[PDB]
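Just below is one structure, and these are the notes that go with it.
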Amino acid sequence: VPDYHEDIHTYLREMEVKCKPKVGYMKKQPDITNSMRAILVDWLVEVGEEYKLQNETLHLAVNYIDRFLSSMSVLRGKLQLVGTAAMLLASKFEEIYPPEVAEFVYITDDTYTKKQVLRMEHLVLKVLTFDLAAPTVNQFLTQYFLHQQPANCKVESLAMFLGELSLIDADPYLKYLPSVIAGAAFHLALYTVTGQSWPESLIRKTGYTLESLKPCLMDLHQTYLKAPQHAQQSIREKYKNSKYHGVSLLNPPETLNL
Amino acid sequence: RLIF
Amino acid sequence: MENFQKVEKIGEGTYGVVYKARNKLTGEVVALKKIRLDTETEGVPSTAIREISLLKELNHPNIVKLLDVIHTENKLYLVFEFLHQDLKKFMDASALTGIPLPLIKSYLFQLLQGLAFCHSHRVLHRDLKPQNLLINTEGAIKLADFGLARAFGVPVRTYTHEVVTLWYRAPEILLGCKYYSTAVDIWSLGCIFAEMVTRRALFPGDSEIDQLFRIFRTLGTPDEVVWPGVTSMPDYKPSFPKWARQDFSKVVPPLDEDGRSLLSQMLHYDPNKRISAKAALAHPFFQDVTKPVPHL
Ligand SMILES: Cc1nc(N)sc1C1=N/C(=N\c2ccc(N3CCOCC3)cc2)N=CC1
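Protein chains in written order, with PDB author numbering: chain B, 175 to 432; chain E, 1 to 4; chain A, 1 to 296.
The structure is reproduced here in C-alpha cells:
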C-alpha cells in the first residue's frame, strides 16, 4: 500500500544527492576515458542478459563504478576488474541468488583470478564505505510509473530503454541526478508513445516542471535519435526482445514541442 | 576480455 | 580489534558467530558478529552486504544499532550495541506465567515504530520472528538480524523456494505471490503479538500447505470477497477445504476488544488492506501504553 510512497520518494531524493558521483572525474583519470567506460557499461548490459540479472542490478553496478572512479585512479587494464567486482556486489545486494564468483571469472574469460575479483570486491566495499543502497534511475522510474493514467507497458519499456541508454555516456549524464534523468526518460517515452506529457501529479510530487527537465530532455532526445549509430549497441539489441515490446525499434520523434 |  | 576483549560467546544467526565483548578503552559492552571471509570461494556474504548497508542507514531507538564495521584481509567484524536477550528465550522463560499484558503492549508499540521507520526508509525486514527481536533490562525491544532484509525502491521479487521461516509467513507468499510488500512484515508481527498473548505460536505449520491450512482453519478460507484475486494466485486450488472464520475471542482469549481489533487488522488476508505500521500506532489499543521492565 501507498502509505509510504511519499516518505520513500522524499528519502530517495535525499539519498541520491548523497550517492552522487563526482561530475568531473573522468578528466582526472590519467589512463581511462568516457569511451572506455562506455565499453565497460555496454559489456555489463550483456553480462546481465547472459545471466538473466535484474535491471536494477546493472544500474547499481554502474553507480558503484562511478563512485569508485570518482576517488580511485585506475589503469585501463584494471578497469574491467573494477566493473566485475561492482557487478558481483550489486548481484549480492539485489539478486535472489547472484551468480557464483567463478561465473564472474568465467565472464571475463579468465582475465583475472577469483582471488583478484574477491580482493577488488573488498576494496570497492571499503571505498564505498559499504553504502550500497544507492537510488537509481530505475527506482525513480518505478515510482513515477505509479502515476500513469492509464498504465501503458510500451511507455514503461521505452522509458527503461532510455534510462539505460543514459548509463553508457558519462558525458553528459553524470551532470543529472537519477530523479531528473528518470523525469526526462518518462516524459520522452510518454511523448514518444502517445503524444502525452510529464503529468501534473508528478510536477507537484517531484517539484520538477517540464521546463526544468528541459536540459536533460534535450540531451536524452539527442541520445535517443543517434542510438542506432552509437558505438555501443548492447542496450538496443536487448530492447528488441518481445519482453520489451521491441520499443527500441519504435521511431523516435524528430522534435519535442518544447 | 575487454581490450581498451 | 585490539581494543576488544571477548567475554563470552552468545551465538550465531544467519551466519557468523556472536560474542559479548568489552571495549578495553571506553568500557562499552558490545555484541560482535565475526564473519569468516572465504577469500577464495565466495567473498563477503550477501547477508552481511545487506545487513551493513541497510543498518548503516537506519538510526532508530527500536532498531539495533550497528556501531562499527572492522574490515580486514581475513576478517569482517560487525560491532552492534549489546542487548541481553531475544524475545523467544524470554517467552520460553515466561512460559506458564505469561508475559504480562502491559509489557506485551509496550513491546508491540515499540516494534511498530521500529518497523514504520524501516518501511518509510524503503527497507523490508522479511524475517521477523521472536529470535530476531532483542530486549534489554530497561524495557526496550529492537528489531535485529537484517541479513535477509531488502531495499524496496524497486519491488522485491519473491523466492520460488522461500528460505525465510514458515510460522510467520504471510498467506500471499504461501500462495505464490510474485513480490513482497511491507504487509508481510505486518503479518509476522501480528503472529508474534498473538504468540506473546497465548504463549504459543499462532500458526505452527509443518509444511507450506499445512501452514496455509492452519491459517485457513483460524481465519477461515479466503475467497474473492475477502481477498479479490486469491482464486487466480499461482498456488490457489479450488480444492482447498472450506473453513469458517473463528471468533477472535477464542483465538486470543486474554485480549480485550481493542487488542482483538488491532490483531484482526494485522492479519487481514488482503495485503492491500492489512494495516500499515504507521496506522497501527494510531490504534486505541495503545492509549494506556507504558514502559514496564521485564522480570528477566
Ligand atoms: C545485532 C545482532 N544480530 C544478531 N544476529 S544477534 C545480535 C545482537 N545480539 C545481542 N545480544 C544477544 C543476542 C542473542 C541472544 N540470544 C540468542 C541465543 O540464545 C540466548 C539469547 C542474547 C543476546 N546484542 C546485540 C546484537
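The beta carbon of each residue, even a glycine, is placed where N, CA and C say it ideally should be.
- Message: Just verifying my parser: in three-state terms, what is the DSSP assignment at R293(B)?
- Response: helix
- Query: So is the beta-carbon of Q85(A) under 6 Å away from any non-hydrogen atom of ligand 1?
  - Reply: yes
- residue 300(A): buried (16+ other C-beta within 10 angstroms of its C-beta) or exposed? Absent from the model: residue 300(A). The displayed extent of chain A is 1 to 296, so no value can be given.
- Do the region 70-79 of chain A and the region 255-272 of chain A meet, that is, are 3 or more Cβ pairs less than 8 Å apart? no
- Task: Please state if the CB of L348(B) and the CB of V197(B) are separated by a distance shorter than 7 Å.
- Result: Yes.
- Return the first residue and the last residue of the alpha helix (DSSP H) that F240(A) is part of. Counting along the chain, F240(A) falls outside any alpha helix (DSSP H), and DSSP gives it neither H nor E.
- Whole-angstrom Cβ separation of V291(B) and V279(B), contact assumed at under 8 Å? 6 Å
- What does DSSP give as the partner residues of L133(A) in its beta bridges? Its beta-bridge partners are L143(A).
- Interface residues of the region 60-72 of chain A facing chain B [CB-CB below 7 Å]: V69, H71
- Message: Helix, strand or coil for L186(B)? Go by DSSP, reduced to three states.
- Response: Shown here, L186(B) sits in a helix according to DSSP, grouped into three states.
- Task: Within the same chain, show all residues whose beta-carbon is closer than 8 Å to that of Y238(B), passing over the 5 residues directly before and after it, in chain order.
- Result: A260, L263, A264, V298, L302, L306, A308
- Looking at the unbroken alpha helix (DSSP H) that takes in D210(A), where does it start and where does it end? 208-219
- Query: Where DSSP assigns a beta bridge to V175(B), which residues make up the other side?
  - Reply: Per DSSP, none; premise fails for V175(B).
- Item | 9 Å Cβ cut-off: residues of chain B touching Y15(A) | Result: empty, since nearest Cβ-Cβ is about 13 Å, beyond 9 Å.
- Item | Ordered list of beta strand (DSSP E) runs contained in the region 315-346 of chain B, each at least 3 residues | If we require 3 residues or more, the region 315-346 of chain B turns out to have no beta strand (DSSP E) run fully inside it.
- Following the continuous beta strand (DSSP E) through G11(A), name the residue where it begins and the one where it ends. 4-12
- Message: Against chain A, does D283(B) count as a neighbour if the rule is that its beta carbon must be under 7 Å from one of theirs?
- Response: no
- Just how far apart, CA to CA, sit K33(A) and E208(A)? 32 Å
- If you measure from the CB of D145(A), is any heavy atom of ligand 1 nearer than 6 Å? yes
- Round the Cβ separation of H233(B) and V311(B) to the nearest angstrom and send it over; I've been treating them as touching at under 8 Å. 6 Å
- Message: What does the alpha-carbon distance come out to for the pair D68(A) and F90(A)?
- Response: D68(A) and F90(A): Cα-Cα distance of roughly 28 Å.
- Item | Cβ-based neighbour list, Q131(A), same chain, cut-off 7 Å, excluding 5 preceding and 5 following | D86, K88
- Using the rule of at least 16 other Cβ atoms within 10 Å of the residue's Cβ for burial, across every protein chain shown, is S245(B) buried or exposed? That one is exposed.
- Interface partners of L214(B) on chain E, CB under 8 Å: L2
- For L306(B), which residues in chain A fall below 7 Å Cβ to Cβ? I49, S53
- Message: Using DSSP's beta-bridge definition, name the partner residues of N229(B).
- Response: Beta-bridge annotation (DSSP): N229(B) is not paired with any residue.
- Closer than 7 Å, CB to CB, is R126(A) near chain B or not? Interface residue (Cβ-Cβ distance to chain B less than 7 Å): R126(A) is not classified as such.
- Task: Less than 8 Å between the CB atoms is what I'm expecting for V163(A) and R126(A), so what's the real figure, rounded?
- Result: The Cβ separation is near 10 Å, so there is no contact.
- Going by the C-beta, is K194(B) closer than 6 Å to any heavy atom of ligand 1? Flag unset: Cβ of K194(B) not near ligand 1.
- Item | Alpha-carbon spacing of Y269(A) relative to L262(A), whole angstroms | 14 Å
- Message: Looking at the strands, I want to know which residues DSSP matches up with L83(A).
- Response: Looking at the DSSP assignment, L83(A) forms no beta bridge with any residue, so it has no partner.
- Query: Using DSSP with H/G/I as helix, E/B as strand and the rest coil, what is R50(A)?
  - Reply: helix
- With respect to the alpha helix (DSSP H) encompassing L2(E), which residues constitute its N-terminal and C-terminal limits? Unbroken run through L2(E): none, as it is neither H nor E.
- Item | Check: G13(A) C-beta below 6 Å from any heavy atom of ligand 1 | yes
- Query: Taking Cβ positions, are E220(B) and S340(B) nearer each other than 7 Å?
  - Reply: By the CB criterion at 7 Å, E220(B) and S340(B) fall outside the cutoff.
- Item | Per-residue contacts from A151(A) into chain B (C-beta, under 7 Å) | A307
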